[PDB]
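Read the structure below first, then the notes.
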Amino acid sequence: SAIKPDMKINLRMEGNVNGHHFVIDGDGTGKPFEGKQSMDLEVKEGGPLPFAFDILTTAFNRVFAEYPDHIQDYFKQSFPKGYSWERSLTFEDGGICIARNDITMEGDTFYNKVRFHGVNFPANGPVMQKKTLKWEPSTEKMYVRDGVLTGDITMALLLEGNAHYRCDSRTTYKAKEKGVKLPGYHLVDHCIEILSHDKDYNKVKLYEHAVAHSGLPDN
Amino acid sequence: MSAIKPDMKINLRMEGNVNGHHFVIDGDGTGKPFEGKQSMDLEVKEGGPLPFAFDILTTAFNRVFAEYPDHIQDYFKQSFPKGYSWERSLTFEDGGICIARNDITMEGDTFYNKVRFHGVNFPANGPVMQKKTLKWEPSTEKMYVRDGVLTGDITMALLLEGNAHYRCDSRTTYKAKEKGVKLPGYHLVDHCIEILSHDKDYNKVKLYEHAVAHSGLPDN
Amino acid sequence: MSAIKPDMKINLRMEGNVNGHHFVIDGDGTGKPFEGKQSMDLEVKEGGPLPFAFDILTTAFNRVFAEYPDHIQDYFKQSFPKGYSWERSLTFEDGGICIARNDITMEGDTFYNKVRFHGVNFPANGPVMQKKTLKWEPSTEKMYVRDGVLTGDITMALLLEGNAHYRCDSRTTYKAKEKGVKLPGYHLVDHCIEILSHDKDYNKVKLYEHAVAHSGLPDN
Amino acid sequence: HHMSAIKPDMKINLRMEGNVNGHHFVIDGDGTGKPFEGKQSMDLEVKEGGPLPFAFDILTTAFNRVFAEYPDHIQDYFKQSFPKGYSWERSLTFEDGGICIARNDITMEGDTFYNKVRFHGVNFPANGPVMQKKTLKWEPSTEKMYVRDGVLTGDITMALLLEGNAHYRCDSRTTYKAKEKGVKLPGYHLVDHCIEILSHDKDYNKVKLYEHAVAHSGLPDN
Ligand SMILES: O=S([O-])[O-]
Ligand SMILES: O=S([O-])[O-]
Ligand SMILES: O=S([O-])[O-]
């Protein structure tokens, strides 16, 4: 009842990768029921960012995800009060990130409080060298663990030069209100895209498409 | 003289050791390469009854059985008639680790599979030695090139009795026998594996699996 | 030239968040860098009482307090006057993951510590959220250079109630503030960290640590 | 609690079968050791699959924790498992995806320990240190011993020194199990080791291997 077909979103991410502090302001629109959202982002300090913007992109709301009827939608059922997610990103070269987002809503807008942190990215690695092109599309596996909805994902960044950079992520989602029903095992296909940006990535426009499904042969 | 025919046969021998238990499993079955479907009947010839869950073996009993669409290169069907081999490592969240290998070849309408499977470090209280597993959930394997070889990464979950999952992380490497097989670009493979039937000790099992490659969203 | 005195003060502020719970922890201590020893009294200024095992934070409260033999380069004694930073990941066997960083500087007789600590994904019924930890066991860190930076790898174990162990994989990267301080070759550190005393809610903690460097067998 | 019959100068017989990246091999070895001094060594000869297309170094830890100096205050699980013996299973995970599985069955007849080892390795990259044979030595390290899921378990983060002097990381988990009943389980401890190829021929077809291990309690107890 609370979510509408078209909603706004405000976002304030703050973080540190490799000792580098940054703030990023975001403002955007999207269709929760179509699994879509875009948003305009602007680094407000920390720019020029010394690292690849790509590592940030998954960390700027699953509520924007096309859920089919045979699958419980934890995220759209979390609102008004909202929900929180925490995430770790484990890169194949030792680079490790942790993140959190408190997602809230009032009126037509979703509010996202997001903290990002990253450690141990190697000097001549693709992240500090900015050799990343984009996230390749993948599929997140959703399941319950310790009484909590958990998502594991097998993720890859395309690099300059016809090779890929592995990332492995675990997310833990918690609805704020008591009583929200945990879903069964499902899978969530997603694509993420930087549609436009300036040369140093101080201002970027980002797009996310997400759809949930029960996998083969039901997808 | 096309190598891949619409209805083909599968001949399999697996020999292995998990936690120091030796075993031999012979397989016979069939499948439809272009539809990405296969089924086979397995018979434990040595080492029955198996002390561990049969489920840990079932990915190791052929990606030639995957429905590839036009716009994605099919390494597997292009690997024939000479064939290919794969190597896989399976890392479970409780420390059990398996490695396996299959050299697969082809004569006429039949694929031959010479498979080896080794496991160690499964705890006695774990869902594997307790034979507490139910099925592999559906999952998506990521295909991409690493050091000039086709590589596949997958995070799979084994559903357990009692409404719980058991995580396995798997990496496989596929190498065509013949020189000059064109490697595919990055893509996804969806799959499902289902034990369709089994006798009480799992000495005789009917297995079925379906694989479909694709390019992820938006495209389907 | 190092300007490390044989008795030094230690001043520290830690700020952070584990599983959404934000805490601030102030420390005051002293140490003897040349025999590898330091102890500090902590008190949590924000976030008391902490909902999680205090022992996970304990690693994060300076390898100058390590005993280095003459035959091994002491990167940490040599990073001063200017100081140094370290970054560190802590991956626990049940999916809990922490990152931490410290910027260490020296003003006279006192080392100053800016520490941030963030922890994610601890399961509600794991040893951390239920406070079933007893101590870190004594272990050994592997120091070596990777990509131009002193790196320390170690697998640690936190003793649990009943004498079970909880396993933590840690990686730290240490960076001298000033350019062209020299790189040690492969060596080992031994460490022990012991919580000496604490009140009921671990809001006042008194922590001791001992660390010595060596080159391993047969030298030792 | 029980006379080991381990006599302070003992022999070692060993047969190994393996496969790494699809290459089959058999290595034999005869050796000697001093179990109470935690020192041992062996002459190995590659009997099949020679010359090996991979770094010999990956195999060297698979060729017995009986040869480890245990001080009185730490339970020695290995010498107490004799005369009957014991077995281990081990997984080796390298930072670039190389994964290995190894197991050994140790028995004792009279003066001689007998080892049946299996070793299998998978997914070593073509231009990695292993396949390109660019390893030099294992650095000294320290394994942590503790009971896990009821079984004596050894964890260790090792590193192979490589040509060009970078290191190549490997993470090992070993499980040890006595053949007979009644063997006491140690408390947590540490075991230092150092392994060294003493001498070898061009193709690593004949190799001389030595190791030294001593168990201890960490700090500041050592
Ligand atoms: O290039 S695709 O991700 O639109
Ligand atoms: O894999 S299907 O048959 O569940
Ligand atoms: O003599 S020892 O260093 O192998």
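Here are some notes:
- Counting every other Cβ atom within 10 Å of each residue's Cβ, B:172, C:30 order from fewest to most as C:30, B:172.
- Remark: chain D carries a charge dipole of roughly 480 debye about the Cα centre, counting +1 on each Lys and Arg Cβ and -1 on each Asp and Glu Cβ.
- Computed FRET value (nearest 0.05) for residue A:102 with residue C:13, which takes r as the C-beta separation and R₀ as 35 Å: 0.90
- Cβ-derived FRET efficiency at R0 51 Å, residue B:1 paired with residue C:130, nearest 0.05: 0.15
- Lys pairs under 26 Å by Cα in the stretch D:1-127, provided they are eight or more residues apart or on distinct chains: 21
- Between residue C:26 and residue A:25, the distance separating the two model label sites (each 7 Å from Cα on the Cα→Cβ line) works out to 3.4 nm.
- Cut-off under 5 Å, modelled amide H: who pairs with residue A:72 long-range: A:184
- Size of charge dipole - chain B - debye, nearest 20, with Cβ of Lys, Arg +1 and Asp, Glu -1, no other charges: 500 debye
- Using alpha carbons only: equivalent-ellipsoid semi-axes of chain C, gyration tensor based, whole Å: 28, 20, 16
- A simple spin-label model places pseudo-atoms 7 Å from Cα toward Cβ; at residue C:43 and residue D:185 they are separated by 4.2 nm.
- Local electrostatic count, residue A:154, Cβ distance below 12 Å [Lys/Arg +1, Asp/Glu -1]: -2
- Surrounding net charge for residue A:110, when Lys and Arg each add one and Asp and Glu each subtract one, Cβ distance under 14 Å: +4
- Note on residue A:162/residue A:93: beta-carbon distance plugged into 1/(1 + (r/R0)^6) with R0 of 22 Å gives a FRET efficiency of 0.80.
- Computed over chain B, the per-residue total of -39500 (n - 2.57) for DSSP H runs of n ≥ 4 gives a 222 nm mean residue ellipticity of -500 deg cm²/dmol, rounded to 500.
- Point-charge dipole on Cβ atoms (K/R +1, D/E -1) for the protein assembly as shown, about Cα centre, debye to 20: 40 debye
- Karplus 3J(HN,Hα) series, Hz, for the stretch B:175-187 with 6.51 cos²θ - 1.76 cosθ + 1.60 (x for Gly, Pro): 10, 5, 6, 5, 6, x, 8, 5, 6, x, x, 4, 7
- Rotationally averaged projected area of the stretch B:26-112 (alpha carbon convex hull; nm²): 7.2 nm²
- Distance from the Cα centroid of the stretch D:1-79 to that of the stretch D:167-222 is 10 Å (rounded to whole angstrom).
- Using θ = phi - 60° in the Karplus curve 6.51 cos²θ - 1.76 cosθ + 1.60, the 3J(HN,Hα) couplings for the stretch A:111-128 round to 9, 10, 9, 10, 10, 10, 9, x, 9, 6, 6, x, 3, 8, x, x, 6, 7 Hz; x is entered for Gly and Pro.
- Averaged over the residues of peptide A:119-125, the number of Cβ atoms from other protein chains lying within 10 Å of each residue's Cβ is 6.
- Leading residue at positive end of dipole, chain A (Cβ point charges), from A:151, A:105, A:219: A:105
- Per-residue mean of foreign Cβ neighbours for A:37-44 is 0 (Cβ atoms of other chains, 10 Å radius).
- Under 14 Å, Cβ to Cβ, from residue B:79 - net charge with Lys/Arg +1 and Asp/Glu -1: +4
- Couplings 3J(HN,Hα) of the stretch C:212-220, computed from phi: 10, 8, 8, 9, x, 4, x, 2, 10 Hz, in residue order, whole Hz [Karplus 6.51 cos²θ - 1.76 cosθ + 1.60, θ = phi - 60°; x for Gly and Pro].
- For residue B:8, residues with placed amide H under 5 Å, excluding near neighbours: B:31
- Annotation: average projected area of the protein assembly as shown is 36.9 square nanometres, based on the convex hull of Cα atoms across all directions.
- Judged by the ratio a/c of the largest to the smallest principal axis of the C-alpha gyration tensor, the stretch D:55-113 counts as prolate, that ratio being 1.5 or greater while a/b is larger than b/c.
- For the residue pairs A:176/B:135; A:36/A:81; B:142/D:144; C:45/C:142; B:9/B:182, the alpha carbons lie more than 27 Å apart in A:176/B:135; B:142/D:144; C:45/C:142.
- Counting Cα-Cα pairs of the stretch A:1-139 in 5 Å increments starting at 0 gives whole-percent bin shares of 2, 9, 18, 21, 18, 14, 10, 5, 2, 0.
- Kirkwood radius and radius of gyration were both taken over the C-alpha atoms of the stretch D:58-198, and their ratio Rg/Rh is 0.99.
- Options B:151, B:213, B:59, ranked by Cα towards positive dipole end of chain B, top entry (Cβ charges): B:151
- The H on the amide N of residue B:165, modeled in the peptide plane, is under 5 Å from the matching H of B:160, each at least 5 residues off or on a different chain.
Since every read-out is calculated from the coordinates, none of them should be taken as a lab result. In this analysis, Cβ positions are derived from the backbone assuming ideal geometry, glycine residues included, and neighbour counts consider all displayed protein chains.
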